[PDB]
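Here you get one chain, nothing else, as structure tokens; it is the form solved without its partner chain.
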């Protein structure tokens, strides 16, 4: 299997809107938010928060966490079919979910909070997690095989006060699952030498900017450190979660990340929520301790606001950015594929690009230039011999009754012709 590996300005990329099923309702004045997508081994997982009003200020109505199957039906375009749906009782308590596949089940670790977003009310939030095990091929009358609620028996956080799932999906390594997560370490306990802040090429950048930008605000009580939550399924009835922090190599505030397996080894993506606006992506060198071999990427970034806009590399105290991930599709040329937002300061213009560390080979707009879009989650796979890529794109302020995310299906061309 090979792909087009030459720079073409032609439209060799033709995005198609995938066929996906969901539970049916007749509700109106609704926005589908906090999305999730996790494709693995011909299966998928999907979650969202339904709001009665605006996508920002609406009242929470229904959270659904669902699993299913991706399929080819001779149309040679992937289709999605939901097989199991779980609807928690309290929409407003469920936060930052992350789904990981193993055996015949999707394990989704979510965060329970009665104060609000646990990242914005860190000090007020009391740590609480939840694990939902859903079967991708349900059966009839099998007690706690289709839907099981797993209870954490102990959470090893180490030096960290609180830990929380913070990302859409994770990997498996044998019978041990690794979720994207974040740790809440007090600022006073944070070990950082400002002599390691890269302000040796920046004028108005202070050496203190890196450290102070490791929390939501400069005078925050905690810093945020992205990492992994380990759930060893072979450890009997003790459902123990263990936190694994990321290393200092290109360190940035704890952001939503996603660990995935491709062509053998694992890969890691960390959203650029601070001053390192260029994409953070790379092969995981070690899963424990976590060390990522970030790519020398110079072409793909993310939108920001005023202090840290797109293509900013010099340290500043900021907390801006969007989670737009990318999926390795060829390790020998490190070609990745994903959706990025082609605007400097606003969340607009989604563009599916098959890019390299210093070159966007071919891209294709997924909407118009002033189309508002935010979080993108892209997972790719091999159907027969052709690489296909499913991309969930968050669209907002469409002026519709049921504003929904747009799920795409983009086949990576093999030839650079036509």
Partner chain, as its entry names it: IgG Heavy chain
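Residue numbers count along the first chain shown, from 1. Definition used throughout: the rigid core is the maximal C-alpha set that superposes within 1.5 Å between two forms.
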46 to 54 or 23 to 31, whichever carries the higher mean Cα B-factor: 23 to 31
93 to 101 versus 303 to 311 - which carries the larger mean C-alpha B factor in the record: 303 to 311
Options 391, 374, 62, 371 - largest CA temperature factor per the record: 371
Of the residues 136, 247, 132, 115, the one carrying the largest Cα B-factor as recorded: 115
Assigned third (lowest, middle, highest) for the C-alpha B factor of residue 196: highest
Residue 40 CA temperature factor, ranked by third within the chain: middle
Record-listed C-alpha B factor of residue 364: chain third: lowest
Modelled-residue ranking by C-alpha temperature factor, third containing residue 183: lowest
CA B-factor placement of residue 257, once the chain's modelled residues are sorted into thirds: lowest
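The following text describes the form solved in complex with its partner chain, which does not appear among the structures shown.
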Contact of residue 283 with its partner chain in the entry with it bound (heavy atom, 4.5 Å): no
Partner contact for residue 373 in the entry with it bound: its partner chain, 4.5 angstroms, heavy atom: yes
Any non-hydrogen atom of residue 396 within 4.5 angstroms of its partner chain in the entry with it bound: yes
Contact label in the entry with it bound: residue 319 to its partner chain, heavy atom within 4.5 Å: yes
Listed residue (347, 244, 212, 278) with a non-hydrogen atom within 4.5 angstroms of its partner chain in the entry with it bound: 347
Partner-contacting position among 298, 305, 333, 261 - heavy atom within 4.5 Å of its partner chain in the entry with it bound: 305
Among 184 to 192, 321 to 329, 201 to 209, 286 to 294, the region lying within 4.5 Å of its partner chain in the entry with it bound by heavy atom distance: 321 to 329
Contacts with its partner chain in the entry with it bound, stretch 116 to 131 (heavy atom within 4.5 Å): 120
Is_shifted residue 409 between the shown form and the other one (CA, 2 Å cut-off, rigid core): no
Residue 28: Cα shift of 2 Å or greater between the shown form and the other one (core-aligned): yes
Flag for residue 11, CA shift 2 Å or larger between the shown form and the other one after aligning core: no
Residue 172 and residue 20, C-alpha gap in the entry with it bound relative to this structure (3 Å or more): farther
Residue pair residue 136, residue 20 - Cα distance in the entry with it bound, closer or farther (3 Å or more): farther
